[PDB]
């Protein structure tokens, strides 16, 4: 299982080894040995979520406060989504930068988003199903959103032929990256790096 670190350190694109046969195909989405190899520790799966999205739906950008924050291991099992990770860790060398992975049912990649990072996606097709393993259960009291179209982050979302994204009400009213930063709610690089080190 090929794992490539993204331009945001602590986020990875994983490409599975897909076994194809007369019955269809099989692959190992996660393995503890494969995960540990790139992440340096085991993924503690406390929750697994699934969404189905129509074309142009944008969910994000979410993060969870440290600790324990909420690491995400994210894949698309039908359709396709353009998935984004944002370095929101203050003091990080790449603070403010983002990168993307194309998740879909063709190459069946995954994005791993480690703790204190922000994540979201835009569904590129109808009936786009995303599953994601989380290192913590849903905790609306420590989960935050950043406007997915925030001009400081300036993520380049690939609009669908060629229309405005559909967002939830909460995601549509999300505060700006600068609002969140100035609220002292962004994770700190020093502590996220240390928290990941104590797991390793």
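Residue numbers count along the first chain shown, from 1.
Engineer: Taking the mean of the C-alpha B-factors per stretch from the entry, tell me the winner out of 133 to 141 and 161 to 169.
Structural biologist: Comparing 133 to 141 with 161 to 169, the higher average CA B-factor belongs to 161 to 169.
Engineer: Compare the mean C-alpha B-factor of 150 to 158 with that of 28 to 36 as given in the PDB entry, and name the stretch with the higher value.
Structural biologist: Result: 150 to 158.
Engineer: Select one of 114, 75, 125, 100: the residue whose C-alpha shows the highest B-factor in the crystal structure entry.
Structural biologist: Out of 114, 75, 125, 100, the record gives the largest C-alpha B-factor to 125.
Engineer: Taking the values straight from the PDB record, which of 57, 66, 43, 52 has the highest C-alpha temperature factor?
Structural biologist: Top of the list by C-alpha B-factor: 66.
Engineer: Relative to the other modelled residues in the chain, which third contains the C-alpha temperature factor of residue 79: lowest, middle or highest?
Structural biologist: It falls in the middle third of the chain.
Engineer: Against its chain's modelled residues, does residue 20's Cα B factor rank lowest, middle or highest third?
Structural biologist: Its C-alpha B-factor belongs to the highest third of this chain's values.
Engineer: Taking only the Cα B-factors deposited for this chain, tell me whether residue 61 sits in the lowest, middle or highest third.
Structural biologist: It belongs to the middle third of the chain when residues are ordered by C-alpha B-factor.
Engineer: Going by what the PDB entry lists, where does residue 96 fall on CA B-factor within its chain: lowest, middle or highest third?
Structural biologist: Answer is middle: the recorded C-alpha B-factor places it there.
Engineer: Ranking the modelled residues of this chain by C-alpha B-factor as given in the entry, is residue 179 in the lowest, middle or highest third?
Structural biologist: Highest third of the chain for residue 179's C-alpha B-factor.
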